[PDB]
Amino acid sequence: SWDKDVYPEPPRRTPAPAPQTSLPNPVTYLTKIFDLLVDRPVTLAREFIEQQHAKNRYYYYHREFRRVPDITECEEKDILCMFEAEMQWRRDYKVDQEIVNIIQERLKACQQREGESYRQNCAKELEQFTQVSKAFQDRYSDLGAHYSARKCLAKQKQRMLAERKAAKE
Amino acid sequence: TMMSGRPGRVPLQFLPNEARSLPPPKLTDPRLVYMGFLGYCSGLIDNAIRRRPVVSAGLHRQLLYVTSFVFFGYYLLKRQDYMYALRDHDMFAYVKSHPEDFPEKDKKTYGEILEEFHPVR
């Protein structure tokens, strides 16, 4: 259902069972019992409810907002343009937060999945999260509780001035 | 003294003729409704002080209270609107007649201006 590109899950590698002891594995019998007595009725109920849903098939859409002139392209006291730009900035802020969340989910899933080899098998995920963290922190940090698009603009301008000074040295 | 000494102000005139050019306050104006509310409250207080039923004694008395309050309030609101219109008119005329004293500052976008960022740590 979800985008495997967004949520990368490495192809599963389950080893083949090769019993070397005559004793019957209790797990196999228990799993068969669980399947028959639980999965089957649960699946039947799911099928019935899915039929009911298929009958009443309706769709919900995703609202998309057009791009609006940023606070950079906005007059000093033009409250209308400022409101538009600030709302756009807040929307982008939320989107960036959700991007950070997605990468974090990737990292946690990698930590659990790779088990004891997590340190060596999650380098890519750690690097991705580090990049996203750095970017998000540089863009949005220390703005304060009363954050605003003007505050991010001021922080970016200060950063750019510092970059200019460093490059000039 | 502000507009107390405006040129052409006829003395002891509640509403000059020029006020008629302004829209009359609506009879359903919320301010007028509050005036009527004050009148009704006055009626209730009068009943209370005279030890007579507060919500029923002298319905004509309370009616007259409300009518008087609304009636005077209508003209009061009309005069208030007239005076505020005078304020706006005179201010705009003065700005027009004195352009040098009211210059138009250059309009610069936020991308151009520089505002110091104060980090909240």
# chains A, B, ... in the order shown; residues from 1 in each chain; ligands from 1
$ interface_residues --of "chain A" --to "chain B" --cutoff "8 Å" --atoms "only C-alpha atoms" --output "list in words"
residues 71, 72, 73, 74, 75, 76, 142, 143, 144, 150, 151, 153, 154, 155, 157 and 158 of chain A
$ write_last_selection --atoms "N, CA and C atoms" --output "short mmCIF file (atom, residue, chain, number, x, y, z; two decimals), in the first residue's frame"
data_model
loop_
_atom_site.label_atom_id
_atom_site.label_comp_id
_atom_site.auth_asym_id
_atom_site.auth_seq_id
_atom_site.Cartn_x
_atom_site.Cartn_y
_atom_site.Cartn_z
N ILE A 71 7.97 35.31 1.69
CA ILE A 71 8.11 36.52 2.47
C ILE A 71 9.22 37.40 1.91
N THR A 72 10.20 36.80 1.22
CA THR A 72 11.24 37.59 0.57
C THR A 72 10.66 38.53 -0.48
N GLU A 73 9.69 38.04 -1.25
CA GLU A 73 9.00 38.86 -2.25
C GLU A 73 7.69 39.38 -1.67
N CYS A 74 7.83 40.26 -0.68
CA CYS A 74 6.69 40.78 0.06
C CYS A 74 7.03 42.16 0.60
N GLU A 75 6.06 43.07 0.54
CA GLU A 75 6.33 44.43 0.96
C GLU A 75 6.42 44.53 2.48
N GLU A 76 6.94 45.66 2.96
CA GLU A 76 7.22 45.83 4.38
C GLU A 76 5.96 45.67 5.23
N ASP A 142 16.26 27.68 17.17
CA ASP A 142 16.43 28.90 17.94
C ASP A 142 15.53 30.04 17.46
N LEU A 143 14.57 29.75 16.58
CA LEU A 143 13.64 30.78 16.14
C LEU A 143 12.79 31.28 17.31
N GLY A 144 12.46 30.40 18.24
CA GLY A 144 11.66 30.74 19.40
C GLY A 144 10.26 30.19 19.30
N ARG A 150 9.44 35.53 8.77
CA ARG A 150 10.43 36.59 8.89
C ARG A 150 11.62 36.15 9.73
N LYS A 151 11.38 35.34 10.77
CA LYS A 151 12.47 34.86 11.60
C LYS A 151 13.39 33.92 10.82
N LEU A 153 13.79 33.98 7.61
CA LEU A 153 14.48 34.86 6.68
C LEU A 153 15.66 35.55 7.35
N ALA A 154 15.45 36.06 8.56
CA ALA A 154 16.52 36.73 9.29
C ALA A 154 17.66 35.76 9.59
N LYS A 155 17.33 34.55 10.03
CA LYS A 155 18.36 33.55 10.32
C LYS A 155 19.15 33.21 9.06
N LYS A 157 19.54 35.09 6.38
CA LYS A 157 20.35 36.25 6.02
C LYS A 157 21.60 36.33 6.88
N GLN A 158 21.46 36.09 8.18
CA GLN A 158 22.62 36.08 9.07
C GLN A 158 23.60 34.99 8.67
#
$ residues_around --residues "residue 85 in chain B" --least-positions-apart "5" --cutoff "10 Å" --atoms "only C-alpha atoms" --output "list in words"
residues 19, 22, 79, 80, 90 and 91 of chain B
$ atom_distance --atom1 "CA of residue 105 in chain B" --atom2 "CA of residue 87 in chain B"
24.1 Å
$ residues_around --residues "range 120-125 of chain A" --least-positions-apart "5" --cutoff "8 Å" --atoms "only C-alpha atoms" --output "ChimeraX atom specification"
/A:103,106-107,110-111,114
$ write_last_selection --atoms "N, CA, C and O atoms" --output "PDB file, in the first residue's frame"
ATOM      1  N   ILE A 103      12.318   9.875   7.856  1.00  0.00           N
ATOM      2  CA  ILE A 103      13.693   9.384   7.931  1.00  0.00           C
ATOM      3  C   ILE A 103      13.952   8.714   9.276  1.00  0.00           C
ATOM      4  O   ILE A 103      14.655   7.697   9.359  1.00  0.00           O
ATOM      5  N   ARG A 106      12.589   5.270   9.198  1.00  0.00           N
ATOM      6  CA  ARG A 106      13.555   4.428   8.497  1.00  0.00           C
ATOM      7  C   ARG A 106      14.672   3.987   9.434  1.00  0.00           C
ATOM      8  O   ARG A 106      15.037   2.805   9.477  1.00  0.00           O
ATOM      9  N   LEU A 107      15.229   4.936  10.188  1.00  0.00           N
ATOM     10  CA  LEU A 107      16.349   4.630  11.075  1.00  0.00           C
ATOM     11  C   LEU A 107      15.959   3.597  12.127  1.00  0.00           C
ATOM     12  O   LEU A 107      16.697   2.636  12.376  1.00  0.00           O
ATOM     13  N   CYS A 110      15.482   0.171  10.662  1.00  0.00           N
ATOM     14  CA  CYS A 110      16.786  -0.428  10.397  1.00  0.00           C
ATOM     15  C   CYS A 110      17.417  -0.959  11.677  1.00  0.00           C
ATOM     16  O   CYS A 110      17.959  -2.070  11.701  1.00  0.00           O
ATOM     17  N   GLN A 111      17.372  -0.167  12.752  1.00  0.00           N
ATOM     18  CA  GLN A 111      17.948  -0.600  14.022  1.00  0.00           C
ATOM     19  C   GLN A 111      17.354  -1.923  14.474  1.00  0.00           C
ATOM     20  O   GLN A 111      18.077  -2.837  14.886  1.00  0.00           O
ATOM     21  N   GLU A 114      18.108  -5.036  11.559  1.00  0.00           N
ATOM     22  CA  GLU A 114      19.456  -5.575  11.421  1.00  0.00           C
ATOM     23  C   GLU A 114      19.960  -6.259  12.688  1.00  0.00           C
ATOM     24  O   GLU A 114      21.040  -6.862  12.649  1.00  0.00           O
TER      25      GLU A 114
END
$ residues_around --residues "residue 35 in chain B" --least-positions-apart "5" --cutoff "10 Å" --atoms "only C-alpha atoms" --output "JSON, numbers by chain"
{"B": [29, 30, 40, 41, 66, 67, 68, 69, 70, 71, 72, 73, 74]}
$ residues_around --residues "residue 55 in chain B" --least-positions-apart "4" --cutoff "10 Å" --atoms "only C-alpha atoms" --output "number ranges by chain"
B: 40, 43-45, 47-48, 59, 62
$ write_last_selection --atoms "N, CA and C atoms" --output "JSON list (two decimals), in the first residue's frame"
[["chain", "number", "residue", "atom", "x", "y", "z"],
["B", 40, "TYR", "N", -34.17, 50.08, 29.07],
["B", 40, "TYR", "CA", -34.92, 49.04, 29.77],
["B", 40, "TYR", "C", -34.35, 48.79, 31.16],
["B", 43, "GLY", "N", -35.57, 51.41, 33.42],
["B", 43, "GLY", "CA", -36.92, 51.11, 33.86],
["B", 43, "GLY", "C", -36.96, 50.09, 34.98],
["B", 44, "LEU", "N", -36.17, 49.03, 34.84],
["B", 44, "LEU", "CA", -36.13, 48.00, 35.88],
["B", 44, "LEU", "C", -35.63, 48.57, 37.20],
["B", 45, "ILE", "N", -34.59, 49.40, 37.15],
["B", 45, "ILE", "CA", -34.05, 50.00, 38.36],
["B", 45, "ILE", "C", -35.08, 50.92, 39.01],
["B", 47, "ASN", "N", -38.31, 50.61, 38.86],
["B", 47, "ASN", "CA", -39.27, 49.73, 39.53],
["B", 47, "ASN", "C", -38.71, 49.19, 40.84],
["B", 48, "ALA", "N", -37.44, 48.78, 40.83],
["B", 48, "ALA", "CA", -36.83, 48.21, 42.04],
["B", 48, "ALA", "C", -36.78, 49.23, 43.17],
["B", 59, "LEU", "N", -45.59, 49.08, 32.72],
["B", 59, "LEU", "CA", -45.10, 48.74, 31.38],
["B", 59, "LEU", "C", -45.00, 49.98, 30.51],
["B", 62, "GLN", "N", -41.66, 51.73, 31.49],
["B", 62, "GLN", "CA", -40.49, 51.10, 30.88],
["B", 62, "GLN", "C", -40.46, 51.33, 29.38]]
$ residues_around --residues "residue 91 in chain A" --least-positions-apart "3" --cutoff "12 Å" --atoms "only C-alpha atoms" --output "ChimeraX atom specification"
/A:64-68,84-88,94-98,148-149
$ write_last_selection --atoms "N, CA, C and O atoms" --output "PDB file, in the first residue's frame"
ATOM      1  N   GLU A  64      -4.397  20.158  -2.649  1.00  0.00           N
ATOM      2  CA  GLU A  64      -3.088  20.658  -3.039  1.00  0.00           C
ATOM      3  C   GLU A  64      -3.124  22.176  -3.106  1.00  0.00           C
ATOM      4  O   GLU A  64      -4.019  22.753  -3.733  1.00  0.00           O
ATOM      5  N   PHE A  65      -2.153  22.817  -2.465  1.00  0.00           N
ATOM      6  CA  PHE A  65      -2.061  24.270  -2.433  1.00  0.00           C
ATOM      7  C   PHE A  65      -1.061  24.758  -3.473  1.00  0.00           C
ATOM      8  O   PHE A  65       0.042  24.215  -3.591  1.00  0.00           O
ATOM      9  N   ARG A  66      -1.452  25.780  -4.231  1.00  0.00           N
ATOM     10  CA  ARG A  66      -0.534  26.390  -5.183  1.00  0.00           C
ATOM     11  C   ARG A  66       0.547  27.173  -4.443  1.00  0.00           C
ATOM     12  O   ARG A  66       0.358  27.608  -3.304  1.00  0.00           O
ATOM     13  N   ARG A  67       1.697  27.336  -5.093  1.00  0.00           N
ATOM     14  CA  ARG A  67       2.772  28.118  -4.499  1.00  0.00           C
ATOM     15  C   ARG A  67       2.384  29.592  -4.425  1.00  0.00           C
ATOM     16  O   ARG A  67       1.736  30.127  -5.329  1.00  0.00           O
ATOM     17  N   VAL A  68       2.783  30.243  -3.335  1.00  0.00           N
ATOM     18  CA  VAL A  68       2.455  31.645  -3.083  1.00  0.00           C
ATOM     19  C   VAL A  68       3.764  32.412  -2.931  1.00  0.00           C
ATOM     20  O   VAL A  68       4.743  31.848  -2.423  1.00  0.00           O
ATOM     21  N   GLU A  84      -0.284  35.441   3.363  1.00  0.00           N
ATOM     22  CA  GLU A  84      -0.140  34.356   2.397  1.00  0.00           C
ATOM     23  C   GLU A  84       1.206  33.654   2.560  1.00  0.00           C
ATOM     24  O   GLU A  84       1.275  32.421   2.664  1.00  0.00           O
ATOM     25  N   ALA A  85       2.285  34.435   2.611  1.00  0.00           N
ATOM     26  CA  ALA A  85       3.628  33.870   2.694  1.00  0.00           C
ATOM     27  C   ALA A  85       3.842  33.129   4.007  1.00  0.00           C
ATOM     28  O   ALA A  85       4.477  32.073   4.034  1.00  0.00           O
ATOM     29  N   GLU A  86       3.350  33.689   5.113  1.00  0.00           N
ATOM     30  CA  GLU A  86       3.497  33.039   6.411  1.00  0.00           C
ATOM     31  C   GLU A  86       2.765  31.706   6.448  1.00  0.00           C
ATOM     32  O   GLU A  86       3.286  30.720   6.981  1.00  0.00           O
ATOM     33  N   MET A  87       1.548  31.660   5.901  1.00  0.00           N
ATOM     34  CA  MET A  87       0.835  30.389   5.827  1.00  0.00           C
ATOM     35  C   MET A  87       1.600  29.383   4.977  1.00  0.00           C
ATOM     36  O   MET A  87       1.701  28.201   5.336  1.00  0.00           O
ATOM     37  N   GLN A  88       2.153  29.832   3.847  1.00  0.00           N
ATOM     38  CA  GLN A  88       2.970  28.940   3.030  1.00  0.00           C
ATOM     39  C   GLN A  88       4.165  28.416   3.822  1.00  0.00           C
ATOM     40  O   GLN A  88       4.490  27.223   3.766  1.00  0.00           O
ATOM     41  N   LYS A  94       5.664  22.259   8.419  1.00  0.00           N
ATOM     42  CA  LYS A  94       5.031  20.984   8.750  1.00  0.00           C
ATOM     43  C   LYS A  94       5.536  19.871   7.840  1.00  0.00           C
ATOM     44  O   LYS A  94       5.830  18.757   8.298  1.00  0.00           O
ATOM     45  N   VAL A  95       5.641  20.156   6.539  1.00  0.00           N
ATOM     46  CA  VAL A  95       6.123  19.154   5.591  1.00  0.00           C
ATOM     47  C   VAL A  95       7.540  18.716   5.945  1.00  0.00           C
ATOM     48  O   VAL A  95       7.870  17.524   5.899  1.00  0.00           O
ATOM     49  N   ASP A  96       8.404  19.675   6.285  1.00  0.00           N
ATOM     50  CA  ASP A  96       9.777  19.346   6.661  1.00  0.00           C
ATOM     51  C   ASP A  96       9.818  18.493   7.924  1.00  0.00           C
ATOM     52  O   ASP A  96      10.610  17.545   8.021  1.00  0.00           O
ATOM     53  N   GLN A  97       8.977  18.821   8.906  1.00  0.00           N
ATOM     54  CA  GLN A  97       8.894  18.001  10.110  1.00  0.00           C
ATOM     55  C   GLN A  97       8.511  16.568   9.765  1.00  0.00           C
ATOM     56  O   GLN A  97       9.087  15.607  10.293  1.00  0.00           O
ATOM     57  N   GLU A  98       7.538  16.405   8.869  1.00  0.00           N
ATOM     58  CA  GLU A  98       7.112  15.063   8.484  1.00  0.00           C
ATOM     59  C   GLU A  98       8.207  14.322   7.722  1.00  0.00           C
ATOM     60  O   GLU A  98       8.336  13.099   7.844  1.00  0.00           O
ATOM     61  N   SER A 148       8.275  32.598  12.995  1.00  0.00           N
ATOM     62  CA  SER A 148       7.599  33.199  11.853  1.00  0.00           C
ATOM     63  C   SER A 148       8.505  33.081  10.639  1.00  0.00           C
ATOM     64  O   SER A 148       9.699  32.797  10.755  1.00  0.00           O
ATOM     65  N   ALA A 149       7.914  33.301   9.462  1.00  0.00           N
ATOM     66  CA  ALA A 149       8.694  33.273   8.230  1.00  0.00           C
ATOM     67  C   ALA A 149       9.768  34.350   8.238  1.00  0.00           C
ATOM     68  O   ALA A 149      10.889  34.129   7.759  1.00  0.00           O
TER      69      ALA A 149
END
$ residues_around --residues "residue 5 in chain A" --least-positions-apart "3" --cutoff "12 Å" --atoms "only C-alpha atoms" --output "number ranges by chain"
A: 1-2, 8-10, 102-103, 106
$ decode --residues "range 17-28 of chain A" --atoms "N, CA, C and O atoms" --output "PDB file, in the first residue's frame"
ATOM      1  N   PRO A  17      13.576 -24.328   6.609  1.00  0.00           N
ATOM      2  CA  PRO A  17      13.636 -25.219   7.777  1.00  0.00           C
ATOM      3  C   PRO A  17      14.211 -26.577   7.401  1.00  0.00           C
ATOM      4  O   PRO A  17      13.777 -27.206   6.433  1.00  0.00           O
ATOM      5  N   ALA A  18      15.194 -27.027   8.177  1.00  0.00           N
ATOM      6  CA  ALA A  18      15.830 -28.329   7.982  1.00  0.00           C
ATOM      7  C   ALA A  18      15.928 -29.028   9.331  1.00  0.00           C
ATOM      8  O   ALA A  18      16.964 -28.962  10.006  1.00  0.00           O
ATOM      9  N   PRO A  19      14.863 -29.702   9.760  1.00  0.00           N
ATOM     10  CA  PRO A  19      14.900 -30.385  11.059  1.00  0.00           C
ATOM     11  C   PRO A  19      15.886 -31.544  11.052  1.00  0.00           C
ATOM     12  O   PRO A  19      15.915 -32.354  10.123  1.00  0.00           O
ATOM     13  N   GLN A  20      16.698 -31.619  12.106  1.00  0.00           N
ATOM     14  CA  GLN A  20      17.660 -32.700  12.279  1.00  0.00           C
ATOM     15  C   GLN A  20      17.315 -33.617  13.443  1.00  0.00           C
ATOM     16  O   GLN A  20      18.095 -34.525  13.751  1.00  0.00           O
ATOM     17  N   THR A  21      16.180 -33.404  14.099  1.00  0.00           N
ATOM     18  CA  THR A  21      15.766 -34.206  15.241  1.00  0.00           C
ATOM     19  C   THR A  21      14.383 -34.787  14.991  1.00  0.00           C
ATOM     20  O   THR A  21      13.508 -34.117  14.430  1.00  0.00           O
ATOM     21  N   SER A  22      14.197 -36.042  15.408  1.00  0.00           N
ATOM     22  CA  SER A  22      12.920 -36.718  15.199  1.00  0.00           C
ATOM     23  C   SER A  22      11.792 -36.037  15.965  1.00  0.00           C
ATOM     24  O   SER A  22      10.631 -36.081  15.539  1.00  0.00           O
ATOM     25  N   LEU A  23      12.106 -35.426  17.104  1.00  0.00           N
ATOM     26  CA  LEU A  23      11.087 -34.796  17.930  1.00  0.00           C
ATOM     27  C   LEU A  23      10.314 -33.757  17.120  1.00  0.00           C
ATOM     28  O   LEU A  23      10.932 -32.910  16.459  1.00  0.00           O
ATOM     29  N   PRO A  24       8.981 -33.791  17.133  1.00  0.00           N
ATOM     30  CA  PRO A  24       8.210 -32.820  16.343  1.00  0.00           C
ATOM     31  C   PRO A  24       8.248 -31.438  16.979  1.00  0.00           C
ATOM     32  O   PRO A  24       8.018 -31.285  18.181  1.00  0.00           O
ATOM     33  N   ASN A  25       8.536 -30.438  16.161  1.00  0.00           N
ATOM     34  CA  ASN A  25       8.603 -29.068  16.641  1.00  0.00           C
ATOM     35  C   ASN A  25       7.243 -28.638  17.180  1.00  0.00           C
ATOM     36  O   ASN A  25       6.260 -28.634  16.424  1.00  0.00           O
ATOM     37  N   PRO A  26       7.138 -28.273  18.460  1.00  0.00           N
ATOM     38  CA  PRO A  26       5.846 -27.782  18.964  1.00  0.00           C
ATOM     39  C   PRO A  26       5.384 -26.524  18.259  1.00  0.00           C
ATOM     40  O   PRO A  26       4.177 -26.327  18.082  1.00  0.00           O
ATOM     41  N   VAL A  27       6.324 -25.670  17.843  1.00  0.00           N
ATOM     42  CA  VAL A  27       5.973 -24.402  17.204  1.00  0.00           C
ATOM     43  C   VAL A  27       5.126 -24.641  15.961  1.00  0.00           C
ATOM     44  O   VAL A  27       4.177 -23.900  15.688  1.00  0.00           O
ATOM     45  N   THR A  28       5.476 -25.657  15.169  1.00  0.00           N
ATOM     46  CA  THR A  28       4.725 -25.925  13.944  1.00  0.00           C
ATOM     47  C   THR A  28       3.271 -26.261  14.249  1.00  0.00           C
ATOM     48  O   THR A  28       2.349 -25.697  13.646  1.00  0.00           O
TER      49      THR A  28
END
